[PDB]
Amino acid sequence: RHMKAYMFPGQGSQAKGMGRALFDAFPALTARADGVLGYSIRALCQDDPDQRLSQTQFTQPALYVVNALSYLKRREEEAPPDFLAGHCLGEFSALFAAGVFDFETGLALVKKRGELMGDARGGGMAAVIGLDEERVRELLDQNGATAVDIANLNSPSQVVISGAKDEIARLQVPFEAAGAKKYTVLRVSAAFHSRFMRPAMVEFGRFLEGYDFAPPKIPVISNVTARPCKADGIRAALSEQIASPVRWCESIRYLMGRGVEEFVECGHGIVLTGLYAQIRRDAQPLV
């Protein structure tokens, strides 16, 4: 028994085949998911018909389901974590785990979230390796890209930028020329976690008015503030998260400052495990 945090992945971590043993182990919750969604979560995750997993309207419920079942499996065999943190979409899984809403309610929110984000066009995003936050901001401004945002601050050397599709394409060469060790235009049609998501944020906040949320029973480290979610204004903060940078790196350093000894990724893949290792390594001098 150690102080621990669970970390839940978001968009970009999904894969064809995710969740297989989990669906078999949780037939009853799989059925309830299928009832909220109106289609088979298992078929979506295991057969990826029409590569729907890459389409945000479907990606989001897919991640929610596999994350939530990964959580409940884990909870069969161990005590609950001391802290919770969800990366991007995964913030919904942390809130579920914290009892802010129940399984199916959260699934309903994510379904709506995915439909709203699915209507966004004209946007793009790129992952950049090798440049810190400050250097990224200065290169954006120096290239005239004032309407491009830093969407994810993932680790000391990994950020994700987010803005108009043509602008993200055209920034590649200049970032490469200025030292970006890698620059990859992502297969998204929206500028997620940028100010351009304001329309989605406002509509989402309106949609959330019809829901009631409980204060978290276990602290959830917000993507927006890098600090525990407050016991209220949770609806406001979840809507804001859509259009705000994801302060992941700082969230993780916070949890380490708070005494966390063990960091466990719940959900498909090793995206957050790898980021955690980068963050921890950067704080630890080599021998």
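Heads up: residue numbers just count along the shown sequence, starting at 1.
Average Cα temperature factor in the PDB entry - higher stretch of 148-156, 129-137: Going by the record's values, the stretch with the higher mean is 129-137.
Higher-scoring stretch by recorded Cα B factor average, 39-47 or 220-228: Comparing 39-47 with 220-228, the higher mean C-alpha B-factor belongs to 39-47.
Residue of maximum C-alpha B factor among 108, 89, 100, 190, per deposited coordinates: The listed residue with the largest C-alpha B-factor is 190.
Out of 260, 69, 53, 246, highest CA B-factor residue: Highest C-alpha B-factor among the listed residues goes to 53.
Within-chain third of residue 286 by Cα B-factor, per the entry: Ranked within chain, residue 286 CA B lands in the highest tercile.
Third of chain Cα B-factors occupied by residue 205: Middle third - that is where residue 205 ends up once the chain's C-alpha B-factors are sorted.
Residue 172 - which third its CA temperature factor falls in, relative to the rest of the chain: Top third by C-alpha B-factor.
Ranked C-alpha temperature factor of residue 21 among modelled chain residues, by third: Top third by C-alpha B-factor.
Residue 161 CA temperature factor, ranked by third within the chain: It falls in the bottom third of the chain.
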